[PDB]
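[1] Would you be able to build a 3D model of this:
(one chain, ligands or ions: 2)
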Amino acid sequence: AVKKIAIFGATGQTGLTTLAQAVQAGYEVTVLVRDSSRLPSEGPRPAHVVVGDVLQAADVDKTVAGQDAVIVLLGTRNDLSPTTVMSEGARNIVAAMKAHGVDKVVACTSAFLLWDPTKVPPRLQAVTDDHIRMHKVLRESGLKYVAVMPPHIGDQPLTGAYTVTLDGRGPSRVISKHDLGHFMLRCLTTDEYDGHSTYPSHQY
Ligand SMILES: NC(=O)c1ccc[n+]([C@@H]2O[C@H](COP(=O)([O-])OP(=O)(O)OC[C@H]3O[C@@H](n4cnc5c(N)ncnc54)[C@H](OP(=O)(O)O)[C@@H]3O)[C@@H](O)[C@H]2O)c1
Ligand SMILES: O=C(O)c1ccc(-c2nc(-c3ccccc3Cl)c3sccn23)cc1
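    Residues are numbered from 1 along each chain as shown. Ligands and ions are numbered 1, 2, ... in the order given. Okay, here it is:
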């Protein structure tokens, strides 16, 4: 079974609850954070903290070393400018996983990768472009890759009752951040989603 995991993006909206749920479930969690000040000071906390940047290959390498699996929840917070942080970060993660023999990566992009490209809101296209680039890096890596492609991420409660749609869009346009984190961790316990795109959604 999967015991040691690295989480990238652990200080973000979904990352923080994914981190808390992972520790609750008994995982030995390692995180790469740009600033440990953005990690919780009480409650569930990671077993190992690396402070550094996903754009520094040395920082990614020491985060991935020794893990059983990797969770990717990188993002740009509210910045919708053009970016390559997620795809370049993914390149470094793939290289580190290959060097260290880690084969399982669960990575969040967006449901827009499942949309008709004429329907993607132009204001979100620059971020979506790098989600596309990141997905390409991960799909071409040959690793056991679960492509998590959520719709809008909300702040509704944890339910564990969401629908998981494979290789297409699902019947709701929202997933709570807690349920998205729950699903990321579920993907560590099964291989049934490897090589698929997954769309978690629910009605709250
Ligand atoms: N908002 C939505 O409705 C929605 C819908 C579909 C998909 N998505 C996608 O889902 C993913 C996660 O969304 P989210 O809101 O949970 O993430 P988020 O709140 O934007 O947090 C992003 C995470 O990435 C980390 N990060 C950014 N640059 C980094 C770097 N250079 N080195 C190391 N870490 C770095 C941030 O660390 P710091 O604490 O240092 O900033 C933070 O932990 C994103 O890719 C987003 O585009 C979002
Ligand atoms: O299928 C859906 O209904 C759906 C999918 C994705 C999104 C989405 N929202 C954001 C966003 C919005 C405001 C501030 C920050 C961010 Cl990051 C981004 S960036 C890439 C995708 N998205 C919305 C709806």
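
[2] Would you map the strands across the chain?
    Per DSSP state E, the chain carries strands over the ranges 4-8, 28-33, 48-51, 69-72, 104-108, 144-148, 152-154, 163-166, 174-176, 197-201.

[3] looking at the ones you listed, which is closest to residue 120?
    strand 152-154 (13.5 Å; CB to CB). C-betas here are computed from N, CA, C, even on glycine.

[4] That closest one and ligand 2, are they touching?
    Yes: contact of strand 152-154 with ligand 2 (CB under 6 Å from any ligand atom) involves residue 152.

[5] Remind me what that strand packs against, helices and strands.
    If you count contacts as 3 or more CB pairs under 8 Å, 6 or more residues apart in numbering; DSSP states H and E, strand 152-154 packs onto strand 174-176, helix 177-186.

[6] Now render these as JSON lines, adding mean neighbour count and distance to ligand 2.
    Listed next are those as JSON lines, based on neighbours: other CB atoms under 10 Å; distance: least, CB to the nearest ligand atom, whole Å:
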{"stretch": "strand 174-176", "mean neighbour count": "23", "distance to ligand 2": "7"}
{"stretch": "helix 177-186", "mean neighbour count": "23", "distance to ligand 2": "12"}
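
[7] And these: which comes nearest ligand 1?
    In terms of CB to the nearest ligand atom, the element of the helices and strands packed on strand 152-154 nearest to ligand 1 is helix 177-186, at 6.3 Å.
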